[PDB]
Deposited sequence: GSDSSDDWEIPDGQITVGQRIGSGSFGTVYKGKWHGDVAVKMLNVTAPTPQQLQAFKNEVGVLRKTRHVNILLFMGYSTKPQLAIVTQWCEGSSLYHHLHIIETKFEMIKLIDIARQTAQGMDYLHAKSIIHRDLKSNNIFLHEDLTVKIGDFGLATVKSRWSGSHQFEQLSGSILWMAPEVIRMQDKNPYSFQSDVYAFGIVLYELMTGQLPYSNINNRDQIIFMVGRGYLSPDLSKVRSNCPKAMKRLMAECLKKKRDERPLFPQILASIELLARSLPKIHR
């Protein structure tokens, strides 16, 4: 049961973006593919472990709303091959080209993101960076969740606007939980329903960090659209609760959106 792709089969075309954590290219392998590969000559143990982990997580996922993993390649140079996505991120849609989705679609995008996050959490995978930049709107109608580090456009301020207060505070070595993912989703729901990023009235990054952290600052829920249903606004408020253990988990979140999805 292997996923290694023999060398010389992958063609690498355009370079889409580069981090210190890898370089993404558009490529060809049995069709269009994205190739994330370490541009280095000799992978260090930490990088090789980073690679083994990403592959380990990606091959546990087979769900329509998660970016399809297709193979890896160690032979010439460490590389991960996924499906090539088409269109743009949810971030780009809401905050750059400013596309205007009907309410029926906004709610759909929520639903699908919720489906995917329910799936990850069922397999006990915590994303730790769910945000509209990492939600690709494939063919303009299927949510693909991934980690698109710099392959898609950057947020205003890592990425602070989606961090739950317990994460911002950084109380201990691991403040991440299914519930921190839920809060992040909560912000994505804010984005969908408002069309905007939170805290747009504040020009200082450290102040946002400080205040969200102490519970002094929270998303202004009055900026949601008239036609956004009360169920959705209520669910949004529950997800954004400042107390981790007061937040709902995705099975219920999914169930809530599914219910308001009819009618």
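Missing from the model, relative to the deposited sequence, are the stretches 1-5, 163-172, 279-284.
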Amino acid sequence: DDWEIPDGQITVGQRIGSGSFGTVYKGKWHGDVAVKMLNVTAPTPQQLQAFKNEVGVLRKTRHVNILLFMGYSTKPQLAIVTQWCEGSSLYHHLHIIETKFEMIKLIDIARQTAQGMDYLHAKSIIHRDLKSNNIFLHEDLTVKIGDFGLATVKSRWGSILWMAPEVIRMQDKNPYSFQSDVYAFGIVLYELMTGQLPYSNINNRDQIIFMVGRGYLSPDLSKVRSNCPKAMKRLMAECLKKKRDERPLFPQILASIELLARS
From here on, numbers count along this sequence of modelled residues.
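The term rigid core refers to the maximal set of C-alpha atoms that superpose within 1.5 Å between the two forms.
Between 8-16 and 244-252, greater CA displacement relative to the shown form is found for 8-16 when the structures in 4 other deposited structures of this protein are fitted on the core.
Here 111-119 and 172-180 are scored by the root mean square distance of their C-alpha atoms in 4 other deposited structures of this protein, with each structure fitted by the rigid core; the higher score goes to 172-180. At least a third of the other compared entries skip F21 while keeping the residues on either side. The deposited model assigns a higher average Cα B-factor to 78-86 than to the other stretch when 78-86 and 114-122 are compared. A summary of the deposited B-factors shows that, of 222-230 and 190-198, the stretch with the larger mean C-alpha value is 222-230.
Sorting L38, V212, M236, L58 by the CA temperature factor given in the entry leaves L38 at the top. Taking only the listed residues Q179, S159, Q171, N134, the entry reports the highest CA temperature factor at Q171. Among all modelled residues in this chain, the alpha-carbon of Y72 has a temperature factor (C-alpha) in the middle third.
Per-chain ranking of the deposited C-alpha B factor places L240 in the lowest third.
Ranked against the other modelled residues of its chain, the C-alpha B-factor of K52 as given in the entry falls in the highest third. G149 sits in the highest third of its chain by CA B factor, as recorded in the PDB entry. For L141, the recorded CA temperature factor ranks within the middle third of the chain's modelled residues.
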